[PDB]
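Participant: Structure of the sequence below:
(chains A, B, C, D, E, F and G)
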Amino acid sequence: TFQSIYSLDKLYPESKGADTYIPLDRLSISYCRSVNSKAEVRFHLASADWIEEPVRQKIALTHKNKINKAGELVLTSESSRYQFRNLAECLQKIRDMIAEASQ
Amino acid sequence: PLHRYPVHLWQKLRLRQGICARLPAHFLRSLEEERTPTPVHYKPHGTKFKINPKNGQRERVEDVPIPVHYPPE
Amino acid sequence: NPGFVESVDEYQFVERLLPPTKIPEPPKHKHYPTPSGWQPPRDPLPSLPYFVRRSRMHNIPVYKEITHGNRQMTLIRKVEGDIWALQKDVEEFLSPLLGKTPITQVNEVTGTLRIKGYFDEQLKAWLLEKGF
Amino acid sequence: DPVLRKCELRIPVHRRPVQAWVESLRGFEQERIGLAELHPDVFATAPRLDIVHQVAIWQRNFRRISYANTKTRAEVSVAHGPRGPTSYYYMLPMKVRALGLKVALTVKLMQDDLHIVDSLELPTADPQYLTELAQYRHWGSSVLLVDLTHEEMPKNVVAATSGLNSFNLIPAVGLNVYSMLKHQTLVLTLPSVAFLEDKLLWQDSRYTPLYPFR
Amino acid sequence: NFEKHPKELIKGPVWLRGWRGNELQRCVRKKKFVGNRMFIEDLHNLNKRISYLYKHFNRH
Amino acid sequence: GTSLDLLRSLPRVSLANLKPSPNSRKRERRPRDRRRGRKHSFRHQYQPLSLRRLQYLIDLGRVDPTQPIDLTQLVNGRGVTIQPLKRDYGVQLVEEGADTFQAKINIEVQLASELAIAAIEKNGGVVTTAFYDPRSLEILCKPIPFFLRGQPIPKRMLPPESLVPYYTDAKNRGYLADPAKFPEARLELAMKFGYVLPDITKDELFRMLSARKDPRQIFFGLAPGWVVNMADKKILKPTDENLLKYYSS
Amino acid sequence: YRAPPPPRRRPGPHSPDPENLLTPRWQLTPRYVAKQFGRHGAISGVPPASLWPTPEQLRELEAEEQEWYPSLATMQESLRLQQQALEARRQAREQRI
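Facilitator: Numbering: from 1, shown residues only, chains lettered A, B, ... in the order given. Here you go:
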């Protein structure tokens, strides 16, 4: 190959190599158009080992309305239904709730 | 009709034909060659680039010589 | 001393850059419908007197049109066979959905059907049911 | 042994192939020697004669140039007189012209005015033979002969057609609607049909060009 | 193969081969094509004629 | 085709028989008788590609999924239209189709959406941004003509200082981006969505997907300053030492 | 009658004669000569070395390159200075207000 004067080997001299929080299995996501739509994510707050006991207690208190009869905390919004937009903001809402419950 | 050669080529044809061709080659070369007089009253643009109006981008430039009259005196 | 050296090794990329002049045919897919939703015409084709061929782009020949700034329209173009048979079936199909006999104009010379209003989605789904 | 031809391009499944009798000009009685298949998208297009009518008008009018001129009152040493050379040139889209050619081909075949032939080669160069053969096969008073390419057209056919006013010999590239209409019957060589089909069938997936195809 | 466009088959006045326009455009194009090869008297007449054509189309 | 049968029954057509289609031609008025008697440039004009528009090309097989996406190939497939007279300066993406385009492929687009960048990366695609000079891009869209002109391949230009921050930004994944942050940046985006990060190295075709041309290099295949023997279907490389200095300059 | 032969254009490279008066100026330009090379490549016979810039042209390109085209390192340095200048402007606003 050919290397230019302004080549990446010189523009990025440091990295010359090619290689250069919320659990996924525990939670469950669901998206379905209902036009209108509603994307939600569900997870068992009782079995939530990734949240501290004071955080879990705060989640069960602050998110008591979001806790279902089966003890599963759910959160739904309405922005769009897709892989990244819908799902990511539902997981981040739970993460934000955990952060808010932390302090 | 329409002349095969433009009017400006009429002068060229006259130079290329007749006694003009028979003129000495050395003299013909002196007449044919043109050398620009040294500029005195106007200067060519120092920079070769300027901003084009329509596109608002840098463009090549041209030079406008100032008119100077040299009397027969 | 030549200023140029010739190598055919890198001409493969030049071949890749060459432009084609024909639209490529859709590739066979293991599972239909395609993730976008495209599905080739159903096989076997329906044995109805009228056949609707797909466009050069392998799409259903249905176009939504608005004219005079106030009239919505939908046009079927690549109609082959008995246009009258298609019109009767189209009239019957759209009468319940529309609530009355559809207002349509038949341009037999061009082999096209003009319908007031937008009903492409229902007609396109209905055409799929026929197997077109 | 019948001469069997099939369309090189994929014929639509829902459309049956168009077929006609293959003929040869070698002998008077060689009216039918084979059976050939013709693409429905080319030889079974709808008979849209307005396109043919438009093409014929275009043919007559794109070459139209009027050289009439007159002096008006100001130029006298006519209020509305001809003013110098005037042209009427205009261009039809290649899609329409190809479609017009496609429509014309179907009409001649359906009207039994198109005669598909293997080759134009003739046993003799006498113009009399060609005229007699046309009478033998009950061809129209005017017969148009088309060959694949101008350079290779047989010498014997050239002499016969060159001396005949009503029988005109043209190459494949020279085909035009006006000649087909002016000539009662059309004679086409088998290679020419494939040549015409390829160009006509090329219209498929007509990429709008940003530059000449070449 | 579209190597030669049918417009290329036009034979006639140079300024209107493969081209068409209104009377003013045709006259203006004619002047450009053969202006240097036109007669001095014709060129002056053409210039005067162009003036009338320009005003008629561009002001009426 | 019963219409064709009617033609056989109908008499042979002639030139005179031809008649214009009904209502095709209107009537005209002429003075023969009394009837007519009496009385912004600096801002790049980004040309975007919709995700839905992107999806069908892959699904229709218009663009080979194995081959990395190339803007020139899209022009070759007539996917997008770029007019030099319009002076189009950039390429973008359209939010449409965000919910209908689930696929992974390596691609390079002048401008990409941050949400779109991660989503395709979540699917496993590789996305980067490169700067093409608007004049160079027109040359890129039409590579054959400048070979016809005889011009040699020039070095690809660099963005103006206004656009340098965008391309140099690591999150933007530009060719001027710092590689050191890329492994960290890829990790950060995965956490944002929460998807499991697939390392580019894991992919069997990693080298093909990650292959990129030099900043000065206009073409993946052809290095800058190269020449092409179009007539002989061969590529010509300068062998003059002084020429290398020009390319270095 | 037999139709006339279809028109055929003269193929291959054609080099205009510079001395001929009729030949237009644009057909004698180096761009036209370069165009001849592109159309026919080796058949034209244009030396490939001529296509690349001459040593005197090399100096002009180097001067042109410096005048108008900065390098990546120079670009990055300019951003840092402007960022510092922008920071100073913000600091000036805070202290005066």
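Participant: List the contacts of the closest residue to residue C:10 other than its chain neighbours.
Facilitator: By the measure of Cβ to Cβ, 6 or more residues apart in numbering or on different chains, the closest residue to residue C:10 outside its immediate chain neighbours is residue F:235, 5.2 Å from it. Just so you know, the C-beta spots here come from the backbone N, C-alpha and C atoms, and that holds for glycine as well. Residues counted as contacts of residue F:235 (Cβ atoms under 8 Å, 6 or more residues apart in numbering or on different chains) are C:6, C:7, C:8, C:10, C:11, C:14, F:222, F:226, F:227, F:228, F:229.
Participant: Residue F:235 in helix, strand or coil?
Facilitator: strand (DSSP: H, G, I helix; E, B strand; the rest coil).
Participant: Quickly list what it is bridged to.
Facilitator: Assessed by DSSP bridges, residue F:235 has beta-bridge partners residue C:7, residue F:228.
Participant: which bits of chain F sit near chain D?
Facilitator: Counting by Cβ under 8 Å from any Cβ of the partner chain, the residues of chain F close to chain D are F:1, F:3-5, F:7-8, F:12-15, F:18-21, F:24, F:78, F:81, F:142, F:145.
Participant: can we see that at 10 Å?
Facilitator: F:1, F:3-22, F:24, F:31, F:75, F:77-78, F:81-83, F:141-142, F:144-145 (Cβ under 10 Å from any Cβ of the partner chain).
Participant: go on, chain G?
Facilitator: So far as Cβ under 10 Å from any Cβ goes, chain G lies against chain D at G:1, G:2, G:3, G:4, G:5, G:6, G:7, G:8.
Participant: Recalculate using a threshold of 8 Å.
Facilitator: Counting by Cβ under 8 Å from any Cβ, chain G sits next to chain D at G:1, G:2, G:3, G:5, G:6.
Participant: can you check chain B too?
Facilitator: Counting by Cβ under 8 Å from any Cβ, chain B has no residue next to chain D.
Participant: For chain B, what lies in contact range of chain G?
Facilitator: So chain B meets chain G at B:5, B:9, B:12, B:49, B:58 (Cβ under 8 Å from any Cβ).
Participant: Among those residues, name the ones in strands.
Facilitator: Under the assignment DSSP state E, the residues of chain B next to chain G contribute B:49, B:58 to strands.
Participant: Neighbours of the residue of chain E at minimum distance from chain G, how many?
Facilitator: Distances between chain E and chain G by Cβ to the nearest Cβ are smallest at residue E:4, namely 6.7 Å. Applying other Cβ atoms under 10 Å in any protein chain shown, we find 12 other residues in the vicinity of residue E:4.
Participant: Not counting sequence-adjacent ones, nearest residue to the residue most central in space within chain F?
Facilitator: Residue closest to the average C-alpha location in chain F (Cα atoms, centre = their mean): residue F:71, at 2.9 Å. Nearest residue to residue F:71 in three dimensions, chain neighbours excluded: residue F:91, at 6.6 Å (Cβ to Cβ, 6+ apart).
Participant: Next, count neighbours for the one you found.
Facilitator: With other Cβ under 10 Å as criterion, residue F:91 counts 24.
Participant: my read is it is in a helix, agree?
Facilitator: No: read with three-state DSSP, residue F:91 is strand and lies in no helix.
Participant: which ones are touching it?
Facilitator: Per Cβ under 8 Å, 6+ apart, neighbours of residue F:91: F:46, F:47, F:48, F:49, F:71, F:80, F:109, F:110, F:111.
Participant: who in chain A is up against chain G?
Facilitator: Proximity of chain A to chain G is confined to A:5, A:6, A:11 under the rule Cβ under 8 Å from any Cβ.
Participant: still on that earlier bit, Serialize the residues of chain G next to chain D to JSON lines and add fields for secondary structure.
Facilitator: Listed next are the residues of chain G next to chain D as JSON lines, based on three-state DSSP:
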{"residue": "G:1", "secondary structure": "coil"}
{"residue": "G:2", "secondary structure": "strand"}
{"residue": "G:3", "secondary structure": "coil"}
{"residue": "G:5", "secondary structure": "coil"}
{"residue": "G:6", "secondary structure": "coil"}
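Participant: Buried subset of these, written for PyMOL?
Facilitator: Written as a PyMOL command, the selection of buried residues from the residues of chain G next to chain D, which uses 16 or more other Cβ atoms under 10 Å in any protein chain shown, is:
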select buried, chain G and resi 2+3
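Participant: and residue A:102, what is it in contact with?
Facilitator: Neighbours of residue A:102 in contact, by Cβ under 8 Å, 6+ apart: A:52, A:55, A:58.
Participant: which one of these sits closest to chain C?
Facilitator: residue A:55 (39.9 Å).
Participant: Regarding that closest one, which helix or strand does it belong to?
Facilitator: Here residue A:55 sits within helix A:53-62, counting by DSSP states H and E.
Participant: okay, that helix in CSV with CA atoms only?
Facilitator: Only the C-alpha atoms of helix A:53-62 are listed here, as CSV (Å, rounded to 0.1, in the frame of the first residue of the first chain):
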residue,chain,number,x,y,z
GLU,A,53,-30.6,-3.1,49.3
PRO,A,54,-31.2,0.5,50.2
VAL,A,55,-31.5,1.2,46.5
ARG,A,56,-33.9,-1.7,46.1
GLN,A,57,-36.0,-0.5,49.1
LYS,A,58,-36.0,3.0,47.6
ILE,A,59,-37.1,1.6,44.2
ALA,A,60,-39.8,-0.4,45.8
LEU,A,61,-41.0,2.7,47.6
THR,A,62,-40.5,5.4,45.0
